[PDB]
S.K.: 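Here you go, one structure.
Letters A, B, ... are given to chains in the order of the sequence lines, protein chains preceding strands, and every chain is numbered from 1. Computation of the quantities below employed the complete heavy-atom set of this structure, encompassing side-chain atoms and omitting hydrogens, waters and symmetry-equivalent molecules.
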Amino acid sequence: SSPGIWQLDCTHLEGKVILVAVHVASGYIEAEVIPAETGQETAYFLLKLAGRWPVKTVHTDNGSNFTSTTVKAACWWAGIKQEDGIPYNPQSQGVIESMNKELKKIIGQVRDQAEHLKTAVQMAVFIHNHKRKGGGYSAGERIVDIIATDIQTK
Amino acid sequence: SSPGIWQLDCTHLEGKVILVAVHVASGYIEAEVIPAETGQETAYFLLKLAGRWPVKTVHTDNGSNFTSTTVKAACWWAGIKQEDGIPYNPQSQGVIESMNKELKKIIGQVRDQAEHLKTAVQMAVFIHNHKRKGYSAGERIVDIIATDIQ
Ligand SMILES: c1ccc(-c2nsc(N3CCCNCC3)n2)cc1
Ligand SMILES: c1ccc(-c2nsc(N3CCCNCC3)n2)cc1
Ligand SMILES: [Cl-]
Ligand SMILES: [Cl-]
Ligand SMILES: [Cl-]
Ligand SMILES: [Cl-]
């Protein structure tokens with residue numbers, strides 16, 4: 001849970017594909033609906049994330065994106081260390097499962113509001129990142145605190 | 001500028017449209033290529049920005065987006081105060097002009113690398129936010145908002 005470490009997570013809703021990056025130390029996320037989880041989609045998503053936050057390491061969500069030359073090229077371009085996402089600490093899988101369930105619940109709670117899934121996913125990213133836990137600091141507050149504490153030391 | 005204030009900027013390249021949000025105090029940006037600058041696209045862009053960073057106020061880039069009920073609805077949903085983008089300080093026009101020129105120069109420098117403009121714009125966002133000016137814009141926005149939290 002160093003300041004630069006993120007995890008990719010791909011979840012499905014009604015067969016549409018939601019790709020999520022979770023900053024491990026804070027639980028802050030960014031997410032997008034994508035047409036299918038291809039190398040090309042994941043690479044582009046990682047390029048966006050790393051221009052916006054200081055992404056040092058990413059634990060990839062599966063072996064296809066770990067292997068993908070397109071994902072490796074974007075990781076090289078953006079100075080990201082690509083790593084596997086094997087849950088050596090088994091509590092990792094349950095934390096990700098619980099986030100996906102939370103995200104899907106919020107999506108459901110905004111269905112009277114968003115015509116397209118992509119809006120509902122961004123409403124969910126907003127409510128996730130601003131939720132005070134359960135501190136009570138939010139994930140958005142913690143990621144900024146963590147990275148700023150890192151700049152002032154290293 | 002206060003830690004929550006952002007400015008929208010829309011620039012064109014090839015007749016494709018690039019929409020940029022600039023965090024005024026730091027110069028950090030996020031940007032997207034969009035098919036045309038509609039209320040719906042601007043609104044969606046603001047909803048994404050405000051889920052990622054604490055967006056208190058946005059200076060909108062033109063009167064159409066200031067007026068748009070779709071943009072006002074996103075601003076209401078995301079708790080953003082919508083403001084005009086009138087350069088009461090005329091040096092603002094120039095700072096945004098220069099950033100657009102710098103963004104387009106980076107886009108040009110990555111032509112041998114990105115097949116699609118959308119990739120080039122995100123490589124430009126990356127190089128802009130990491131460039132040491134010596135802190136980078138990315139460092140400054142985190143510093144600014146963290147000072148505000150504490
Ligand atoms: C995503 C990323 C960062 C944030 C975020 N940073 S500071 C902050 N707060 C500032 C102090 C209380 N006022 C509003 C909350 N919130 C929120 C979502
Ligand atoms: C977008 C948003 C934030 C950043 C960002 N924050 S801290 C950081 N570091 C840059 C160099 C490595 N360690 C010193 C601090 N860089 C970069 C781009
Ligand atoms: Cl693929
Ligand atoms: Cl793509
Ligand atoms: Cl290949
Ligand atoms: Cl849209």
S.K.: Is there a path of hydrophobic side-chain contacts, each under 4.5 Å between heavy atoms, that joins A:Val33 and A:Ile107?
M.R.: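 As far as the 4.5 Å side-chain criterion goes, A:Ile107 and A:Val33 are connected within one cluster.
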
S.K.: Where does A:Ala31 contact chain B at under 4.5 Å (heavy atoms): side chain, backbone, both or neither?
M.R.: backbone

S.K.: Got a sec: does the CD of B:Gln91 have more than 12 other heavy atoms crowding it under 6.0 Å?
M.R.: no

S.K.: Return yes when atom NZ of B:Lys105 has more than 12 non-hydrogen atoms of other residues, nucleotides or ligands closer than 6.0 Å, and no otherwise.
M.R.: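 12 or below, so no.
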
S.K.: With rounding to the nearest 0.5 Å, note down the distance linking CD in A:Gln40 to CD in B:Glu115.
M.R.: 8.0 Å

S.K.: With a sphere of 6.0 Å drawn around NZ of B:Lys104, does it hold more than 12 non-hydrogen atoms of other residues, nucleotides or ligands?
M.R.: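 Enclosed: over 12 neighbouring heavy atoms sit under 6.0 Å from NZ of B:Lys104.
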
S.K.: Are B:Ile80 and B:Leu8 connected in a single hydrophobic cluster, I mean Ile/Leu/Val/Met/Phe/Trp/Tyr linked by side-chain heavy atoms less than 4.5 Å apart?
M.R.: yes

S.K.: Applying the 4.5 Å side-chain criterion to the ILVMFWY set and letting contacts propagate, would B:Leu117 and B:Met123 be lumped into a single cluster?
M.R.: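 No; B:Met123 is not reachable from B:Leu117 via cluster members.
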
S.K.: Is it the case that over 12 heavy atoms from other parts of the model lie below 6.0 angstrom from the NE2 atom of A:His116?
M.R.: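 No.
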
S.K.: Between A:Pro54, A:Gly140, A:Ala78, A:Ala43, who has the most heavy-atom pairs with chain B when the cutoff is under 4.5 Å?
M.R.: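 That would be A:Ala78.
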
S.K.: Working to the nearest 0.5 Å, report the span between NZ of A:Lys118 and OH of B:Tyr44.
M.R.: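 Answer rounded to 0.5 Å: 5.0 Å.
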
S.K.: Distance from A:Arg52 atom CZ to B:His130 atom NE2, nearest 0.5 Å?
M.R.: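 That separation rounds to 10.0 Å.
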
S.K.: At a 4.5 Å cut-off on heavy atoms, which part of B:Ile149 comes close to chain A: side chain, backbone, both, or neither?
M.R.: side chain

S.K.: Rounded to the nearest 0.5 Å, how far apart are CD of A:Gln122 and CG of B:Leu46?
M.R.: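 The CG atom of B:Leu46 is 12.5 Å from CD of A:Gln122, to the nearest 0.5 Å.
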
S.K.: Find the one option among B:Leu47, B:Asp148, B:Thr147 whose heavy-atom pairs under 4.5 Å with chain A are most numerous.
M.R.: B:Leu47

S.K.: Any heavy-atom pair between the side chains of A:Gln152 and B:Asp143 that's under 4.5 Å?
M.R.: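 The answer is yes, as the side chains (C-beta and beyond) meet within the 4.5 Å cut-off.
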
S.K.: Would you compute the distance between atom OH of B:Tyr28 and atom CH2 of A:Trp53 and round it to the nearest 0.5 angstrom?
M.R.: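 If I round to the nearest 0.5 Å, the distance is 6.5 Å.
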
